[PDB]
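Novice: Build me a structure from this.
(2 chains, ligands or ions: 4)
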Amino acid sequence: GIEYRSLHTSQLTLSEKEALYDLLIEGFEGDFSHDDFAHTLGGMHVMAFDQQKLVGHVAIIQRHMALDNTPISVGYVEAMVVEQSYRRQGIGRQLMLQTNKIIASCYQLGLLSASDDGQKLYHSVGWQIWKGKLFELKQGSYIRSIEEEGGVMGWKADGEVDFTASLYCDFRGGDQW
Amino acid sequence: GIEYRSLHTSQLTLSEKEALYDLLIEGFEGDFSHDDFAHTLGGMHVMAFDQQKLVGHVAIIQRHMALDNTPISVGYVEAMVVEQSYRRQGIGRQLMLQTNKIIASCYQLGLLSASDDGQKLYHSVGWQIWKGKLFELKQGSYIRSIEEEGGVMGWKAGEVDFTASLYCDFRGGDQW
Ligand SMILES: CC(C)(COP(=O)(O)OP(=O)(O)OC[C@H]1O[C@@H](n2cnc3c(N)ncnc32)[C@H](O)[C@@H]1OP(=O)(O)O)[C@@H](O)C(=O)NCCC(=O)NCCS
Ligand SMILES: CC(C)(COP(=O)(O)OP(=O)(O)OC[C@H]1O[C@@H](n2cnc3c(N)ncnc32)[C@H](O)[C@@H]1OP(=O)(O)O)[C@@H](O)C(=O)NCCC(=O)NCCS
Ligand SMILES: CC(=O)N[C@@H]1C[C@H](O)[C@@H](CN)O[C@@H]1O[C@H]1[C@H](O)[C@@H](O[C@H]2O[C@H](CO)[C@@H](O)[C@H](N)[C@H]2O)[C@H](N)C[C@@H]1N
Ligand SMILES: CC(=O)N[C@@H]1C[C@H](O)[C@@H](CN)O[C@@H]1O[C@H]1[C@H](O)[C@@H](O[C@H]2O[C@H](CO)[C@@H](O)[C@H](N)[C@H]2O)[C@H](N)C[C@@H]1N
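Specialist: Numbering: from 1, shown residues only, chains lettered A, B, ... in the order given. Ligands and ions are numbered 1, 2, ... in the order given. Coordinates below:
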């Protein structure tokens, strides 16, 4: 009974972007900042609808990272949310199945930063904890992303990505992961 | 009778992706590498068609850069091409008008790397030579992108200082 649509940010209306913001604010219970919203704009949105009402969302952002010394094209997962009264029905799983398809068609590696509880959902669609060190840019130089190690997860089904290598992410505002 | 379509890489049929490869190889007369092709995948494609034949293309890739110390979200233009026999009919201009729309809706700044004899097209839809320093990552440290200074152009729908420094994100091949 839930319909799924994949739309680029450039294909959304202002009202649809606003409904997305509203869904994220309500679904994260105050844990979602203006920088977090910036992070979810510019790539592909997978949106779940009950009739015309938006009830679920995940976005896939293109990021450009280094894996040890090697450049790697990343599909970075942002702003995963399902409206509270619609949870535990499998919507989040369906959103990730669509997310995996987009990543497989476009990028060398999927990455996301998960809450300690939220890891089971991603693990159930094949994602694994990233085992290597994580780095981010601060004032133009790389530092260790100590707080994120153990929480970042990756995916590339049937690929040859070394999950024990270091990742060096690209720069943004707010949380870099 | 040229039709324009905007399609994410994830929405391209396999037929469209192969047609795109051929169009780029034929249109750039040998100066388009496998890294250049990797660079045009992962974002939005604006494609021009004569009936069912692909005859023009431009892609807009999301990149994450620094403007001086400030993080900025960039729409980066890649793989601009029109099949030779279709050129000088305004297709490239229309591709760029569509590109400007996509950038205005998604990103803080448009950037591209133009050839010395190929800046007039972008200038005619509002783009300007970037006047500040350009930097790229090598060995995980930023170095100057001297080659590109005077060739990279930017566009803001806007309050952006074109004399500020740009620090791009990492990739294979040409960083710009
Ligand atoms: C995380 C989130 C998006 C999951 O959305 P969801 O639609 O509830 O995800 P699913 O329903 O596919 O699976 C969720 C759980 O319900 C369970 N479930 C799904 N369908 C079920 C059913 N018919 N009967 C019983 N349990 C079911 C799944 O097994 C899973 O259990 P697990 O937590 O042990 O894996 C949602 O809780 C949310 O929006 N949280 C707030 C924002 C947030 O934390 N986002 C993620 C940041 S990492
Ligand atoms: C650059 C390129 C994409 C332009 O495609 P195009 O469709 O020819 O672009 P337009 O036709 O809109 O404009 C092209 C020229 O014709 C002129 N023109 C525009 N409309 C015209 C018309 N209706 N009749 C005649 N001339 C016209 C433009 O002013 C421009 O003149 P300039 O060469 O002095 O800028 C094409 O030359 C190409 O594919 N080159 C090879 C790949 C390449 O170099 N890409 C860009 C790298 S920066
Ligand atoms: C896949 C996804 O949708 N991800 C969302 C994006 C959203 O924009 C953001 C809103 N805030 O939340 C998630 O991403 C956060 C992570 O939640 C956060 O993790 C901390 O918070 C968790 C829950 O409190 C703790 O479990 C965890 N140990 C702790 O490190 C990371 N540090 C940064 C990362 N951007
Ligand atoms: C907007 C656009 O579609 N851009 C294409 C992308 C394409 O993937 C690539 C294929 N190769 O070409 C263009 O982008 C190149 C630039 O052409 C190149 O410019 C050098 O080559 C020019 C022509 O010889 C010289 O004029 C110029 N001085 C010289 O620096 C830059 N260094 C790197 C940059 N990725």
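Novice: going forward, measure contacts and count neighbours with C-alpha atoms only.
Specialist: Noted.
Novice: Spatially central residue in chain A, please.
Specialist: residue A:77 (1.3 Å; Cα atoms, centre = their mean).
Novice: quick one: contacts for that one?
Specialist: A:58-61, A:99, A:110-113 (Cα atoms under 8 Å, 6 or more residues apart in numbering or on different chains).
Novice: what's the most distant pair in the residues you listed?
Specialist: For the contacts of residue A:77, with distances taken as Cα to Cα, the pair at the greatest spread is A:99 and A:113 (14.6 Å).
Novice: Could you list which of the contacts of residue A:77 belong to strands?
Specialist: The strands, defined by DSSP state E, take in A:58-61, A:110-113 from the contacts of residue A:77.
Novice: Could you single out the nearest of those to ligand 2?
Specialist: Lowest distance from ligand 2 to those (Cα to the nearest ligand atom) belongs to residue A:61, with 25.5 Å.
Novice: Check whether that closest one really touches residue A:38, as I assumed.
Specialist: No: Residue A:61 is beyond contact range of residue A:38, at 10.8 Å (criterion: Cα atoms under 8 Å).
Novice: Can you name the residue of chain A nearest to ligand 3?
Specialist: residue A:115 (3.3 Å).
Novice: State the number of residues packed around that residue.
Specialist: The tally of other residues near residue A:115 (other Cα atoms under 10 Å in any protein chain shown) stands at 12.
Novice: can you give me the helices for chain A?
Specialist: When assigned using DSSP state H, the helices of chain A occupy the ranges A:14-28, A:34-39, A:91-106, A:119-123.
Novice: just those helices: most buried one?
Specialist: Stretch with highest mean neighbour count among the helices of chain A: helix A:91-106 (a mean of 19; mean count of other Cα atoms under 10 Å in any protein chain shown).
Novice: Get me the contact residues on chain A for ligand 1.
Specialist: A:27-28, A:80-82, A:87-93, A:114-115, A:118, A:120-121 (Cα under 6 Å from any ligand atom).
Novice: that older thread, will you turn the ones in strands among the contacts of residue A:77 into a markdown table that also has neighbour count?
Specialist: Formatted as a markdown table, the ones in strands among the contacts of residue A:77 follow (neighbours: other Cα atoms under 10 Å in any protein chain shown):
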| residue | neighbour count |
| --- | --- |
| A:58 | 24 |
| A:59 | 28 |
| A:60 | 28 |
| A:61 | 25 |
| A:110 | 26 |
| A:111 | 24 |
| A:112 | 23 |
| A:113 | 21 |
